[PDB]
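S.K.: This is the structure, below, for whatever I ask next.
Here it is, written out as structure tokens:
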């Protein structure tokens, strides 16, 4: 969070978050939300692992954030892949 | 130390 | 039976036929199959074969229905799309039209 | 003759890309944006050489398609380098 | 400036060229062997000749202007010249779309193009979001390779990746699964085996 408040730093923070998610549903959703808000090879690998890893409380959290989820996540992943390809 | 415990 | 279980066609020529066509998915073989079918005389597949050897809209609808009735069907659909693209190379064309998604988008 | 310099750059970057791809598969079992910029300028040099070649005294230059090919190769390399720079390099040890 | 004051105009042009003043006067109105050829032809010829003679800023400018005012041999030459000048100093995509609306020629041009070219292609794809597509796919098929192929096709991607696979393994399987989202199950089983 401190790093977030403070580009490379942001990437390091995102990586840390992905690592935490791997170690651990709600957390995963929060992570996806953060990634969408932000929207190279290591990053792609992480995104992939997350997709591989991918109830009511989670849905509620998702609804609060929006104020379907899986689809949005897939879309974000596709966008990231496109970005990596362009790079 | 804090970043070594997070990686673990 | 021994062939279906070990993973034939002349014997079949002498549902299941559709699955065989699925496995087959060259031109000479297709023609021979067509001749065998004529001798024997599913209808949708026949219409498609007749089109390939070569009303067009009816054949298209038939093929779509066959596809609805999975991998082989998609392959057949892709083949039909390729053939249509080759034929094209205005309103009638639009009527006929009405990864696959990406291709359709590029077309539009 | 900077056409030839661009061809050398194309060949060097190509080997570099192959090396990075090989080193990524290796560790499963540096490149900066300056390389991408360099390939953009290289494409501009080729656009400039082809134009000058089309208006030469005595007749157009014979290397028209030879340069069009080099343009394609350079774009392909800028694409690959852009994908690596854009994240595909940090995800080389990951399964696809 | 003195002795000149239609014929005097052209004289002033060719003299002031042997550049802004020259080009301006020439346009407003309407080495020796080349000049004779140009006279026989009589704008395109004039600009081509000027460009050849200065082959630089003047040349490039005149050539570009003439090419613009005009828009098989002439077309191809002009296009090649413009592209080269621009890559030396967008242009790619423009010329491509233009010619599409001499295929091997384009194959050679793209051959020369192949990083800047890749960036331009990415830009064109982003903007979009037949012959051209096929030519591009063929040139790309001629890590880096797989990536470029995938980016362009956006099935071809998947096929190329699978072929290359036939850390790296994990990354590939992963990329495939994400793109698809039978195949997934197979990939998962393989990664687990």
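Residue numbers (our numbering), protein chains in the order written: chain A, 612 to 698; chain B, 130 to 137; chain C, 20 to 127; chain D, 17 to 112; chain E, 1092 to 1284. For every residue, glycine included, the Cβ atom is placed at its ideal position computed from N, Cα and C.
Can the beta-carbon of residue 100 of chain C be found less than 9 Å from the beta-carbon of residue 64 of chain C?
M.R.: By 1-based counting over the third chain, the position of residue 100 of chain C is 81. By 1-based counting over the third chain, the position of residue 64 of chain C is 45. Not in contact: residue 100 of chain C and residue 64 of chain C (Cβ atoms no closer than 9 Å).
S.K.: Just list the residues that DSSP pairs residue 104 of chain D with in beta bridges.
M.R.: Locating residue 104 of chain D in the fourth chain gives position 88, counting from the first residue. BP columns for residue 104 of chain D are empty, so no partner.
S.K.: Closest Cβ-Cβ distance between residue 48 of chain D and chain E: below 9 Å?
M.R.: Position 32 of the fourth chain, counted from the start, is the residue given in the question as residue 48 of chain D. It does not: the Cβ of residue 48 of chain D has no partner Cβ on chain E nearer than 9 Å.
S.K.: Given this structure, state the Cα-to-Cα distance separating residue 1276 of chain E from residue 1251 of chain E, to the nearest angstrom.
M.R.: Taking the fifth chain and counting its residues from 1, one reaches residue 1276 of chain E at position 185. Taking the fifth chain and counting its residues from 1, one reaches residue 1251 of chain E at position 160. When rounded, the distance between both Cα atoms is 19 Å.
S.K.: How is the alpha helix (DSSP H) around residue 673 of chain A delimited, first residue to last?
M.R.: Position 62 of the first chain, counted from the first residue, corresponds to residue 673 of chain A. From DSSP, the alpha helix (DSSP H) with residue 673 of chain A extends over 667-677.
S.K.: Using only the alpha-carbon positions, how far apart do residue 685 of chain A and residue 671 of chain A sit?
M.R.: Here residue 685 of chain A refers to the residue found at position 74 when the first chain is read from its first residue. Here residue 671 of chain A refers to the residue found at position 60 when the first chain is read from its first residue. Taking the straight line from one Cα to the other gives about 19 Å.
S.K.: Would you mind giving the Cβ-Cβ distance between residue 1208 of chain E and residue 19 of chain D, rounded to the nearest angstrom? I have them listed as a contact below 8 Å.
M.R.: The residue labelled residue 1208 of chain E in the question sits at position 117 within the fifth chain. The residue labelled residue 19 of chain D in the question sits at position 3 within the fourth chain. Going by Cβ atoms, the distance from residue 1208 of chain E to residue 19 of chain D rounds to 15 Å, so no, they are not a contact pair.
S.K.: Any heavy atom of the ligand FAD closer than 8 Å to the Cβ of residue 105 of chain C?
M.R.: Ligands displayed in this structure: none; no statement on the ligand FAD is therefore possible.
S.K.: I'd like to know if the region 68-84 of chain D and the region 1189-1202 of chain E are in contact, where contact means that at least 3 CB-CB pairs between them fall below 8 Å.
M.R.: Touching, yes.
S.K.: Just to check my reading of the structure: residue 33 of chain D and residue 96 of chain D have Cβ atoms closer than 8 Å, yes? What is that Cβ distance to the nearest angstrom?
M.R.: The residue labelled residue 33 of chain D in the question sits at position 17 within the fourth chain. The residue labelled residue 96 of chain D in the question sits at position 80 within the fourth chain. Right, their Cβ atoms sit about 5 Å apart.
S.K.: Do residue 1176 of chain E and residue 1155 of chain E have their C-beta atoms closer together than 9 Å?
M.R.: What you label residue 1176 of chain E is simply residue 85 of the fifth chain in a count that begins at 1. What you label residue 1155 of chain E is simply residue 64 of the fifth chain in a count that begins at 1. Yes, the Cβ-Cβ distance between residue 1176 of chain E and residue 1155 of chain E is below 9 Å.
S.K.: Go through its chain and collect everything with a Cβ distance to residue 1109 of chain E's Cβ below 8 Å, but skip five positions before and after it.
M.R.: Locating residue 1109 of chain E in the fifth chain gives position 18, counting from the first residue. Here the set comprises 1122.
S.K.: Any beta-carbon of chain E closer than 9 Å to the one on residue 38 of chain C?
M.R.: As a working mapping, residue 38 of chain C is identified with position 19 in the third chain. No, because no Cβ of chain E sits closer than 9 Å to the Cβ of residue 38 of chain C.
S.K.: Mind checking the region 627-644 of chain A against chain B and listing, in chain order, the residues whose C-beta falls within less than 9 Å of any C-beta there?
M.R.: Those would be 627, 630, 631 and 634, in chain order.
S.K.: Using three-state DSSP, classify residue 111 of chain D as helix, strand or coil.
M.R.: The residue labelled residue 111 of chain D in the question sits at position 95 within the fourth chain. Correct three-state label for residue 111 of chain D: strand.
S.K.: Please tell me whether residue 90 of chain C has its Cβ less than 9 Å away from any Cβ of chain E.
M.R.: Locating residue 90 of chain C in the third chain gives position 71, counting from the first residue. Answer yes: the Cβ-Cβ gap between residue 90 of chain C and chain E drops below 9 Å somewhere.
S.K.: In terms of residue numbering, what span does the alpha helix (DSSP H) encompassing residue 683 of chain A cover?
M.R.: Here residue 683 of chain A refers to the residue found at position 72 when the first chain is read from its first residue. Per DSSP, residue 683 of chain A belongs to the alpha helix (DSSP H) from 680-697.
S.K.: Take residue 1215 of chain E as the anchor and find which of E/1232, E/1105, E/1188 and E/1225 has the nearest alpha-carbon.
M.R.: The count along the fifth chain starts at 1 and reaches residue 1215 of chain E at position 124. Of E/1232, E/1105, E/1188 and E/1225, the residue nearest in Cα terms is E/1188.
S.K.: Do residue 1230 of chain E and residue 121 of chain C come within 9 Å of each other at the CB atom, strictly closer than that value?
M.R.: As a first step, residue 121 of chain C is located in the third chain; it is residue number 102 there, counting from the start. As a first step, residue 1230 of chain E is located in the fifth chain; it is residue number 139 there, counting from the start. Not in contact: residue 121 of chain C and residue 1230 of chain E (Cβ atoms no closer than 9 Å).
S.K.: If you pair each beta-carbon of the region 107-114 of chain C with each one of the region 47-65 of chain C, do three or more pairs fall below 8 Å?
M.R.: No: fewer than three Cβ pairs fall under 8 Å.
S.K.: Within the 9 Å Cβ cut-off, does residue 1256 of chain E reach chain A?
M.R.: For the purposes of this step, residue 1256 of chain E is identified with residue 165 of the fifth chain, where counting begins at 1. No - not a single Cβ of chain A is within 9 Å of the one on residue 1256 of chain E.
S.K.: Grab me the residues of residue 640 of chain A's own chain with a C-beta within less than 8 Å of its C-beta, minus the 5 sequence neighbours each way, in chain order.
M.R.: If you number the first chain from 1, residue 640 of chain A lands on position 29. Taken in chain order, the residues that qualify are 669, 672, 673, 676 and 680.
S.K.: Rounded to whole angstroms, what is the Cα-Cα separation between residue 633 of chain A and residue 30 of chain D?
M.R.: One-based indexing of the first chain puts residue 633 of chain A at position 22. One-based indexing of the fourth chain puts residue 30 of chain D at position 14. Approximately 35 Å, taken between the alpha carbons.
S.K.: Counting only the same chain and skipping the five closest in sequence on each side, list residues whose C-beta sits under 6 Å from that of residue 108 of chain D.
M.R.: Along the fourth chain, read from residue 1 onward, the residue named residue 108 of chain D stands at position 92. Hits under 6 Å: 40.
S.K.: State yes or no: is the beta carbon of residue 673 of chain A nearer than 9 Å to at least one beta carbon in chain D?
M.R.: Taking the first chain and counting its residues from 1, one reaches residue 673 of chain A at position 62. No, no contact with chain D.
S.K.: DSSP has residue 63 of chain D in a bridge; who is on the other side?
M.R.: Taking the fourth chain and counting its residues from 1, one reaches residue 63 of chain D at position 47. Paired residues: E/1175.
S.K.: May I ask which residues mark the beginning and end of the alpha helix (DSSP H) holding residue 35 of chain D?
M.R.: The count along the fourth chain starts at 1 and reaches residue 35 of chain D at position 19. From DSSP, the alpha helix (DSSP H) with residue 35 of chain D extends over 18-44.
S.K.: What is the DSSP secondary structure of residue 1193 of chain E, counted as helix, strand or coil?
M.R.: Here the question's residue 1193 of chain E lines up with position 102 in the fifth chain. Three-state result, residue 1193 of chain E: coil.
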